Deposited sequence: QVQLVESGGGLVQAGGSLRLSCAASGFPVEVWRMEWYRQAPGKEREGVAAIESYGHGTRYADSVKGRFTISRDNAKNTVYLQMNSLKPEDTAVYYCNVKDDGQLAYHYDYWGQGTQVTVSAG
């Protein structure tokens, strides 16, 4: 019943724009911190952005501050990641996660969405 579905992504030219959505089922997205991660090829997962519970703040990696914006839609139970001024090193697979700390019967680690940024 509890599930996280990524959507959006694809191919964009450097300087381009993109919006990824994370649709949660089984819980309200405001109660815990929600996160976006990305894994470039032959690199380790990186934390991109996070939005804390209940409007307790947002968090942005240095790599993407000012270009990326994370937000919560409590009606659609969805977390969005607006991607602007896309550089090519932003090419990775993008993953969302709930920092639930075991507070739900999750099947914790699980598909992702690929974003590709060209050189020009």
Unmodelled stretches of the deposited sequence, numbered from 1? 111-112
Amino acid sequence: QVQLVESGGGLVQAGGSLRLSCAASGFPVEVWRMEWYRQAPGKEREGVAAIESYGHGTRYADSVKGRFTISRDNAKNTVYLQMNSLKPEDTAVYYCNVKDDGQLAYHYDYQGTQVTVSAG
From here on, numbers count along this sequence of modelled residues.
May I ask you to compare 88-96 and 75-83 by their mean CA B factor in the entry and name the higher one? 88-96
Mean C-alpha temperature factor, higher of 8-16 and 21-29: 8-16
Third of chain Cα B-factors occupied by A40: highest
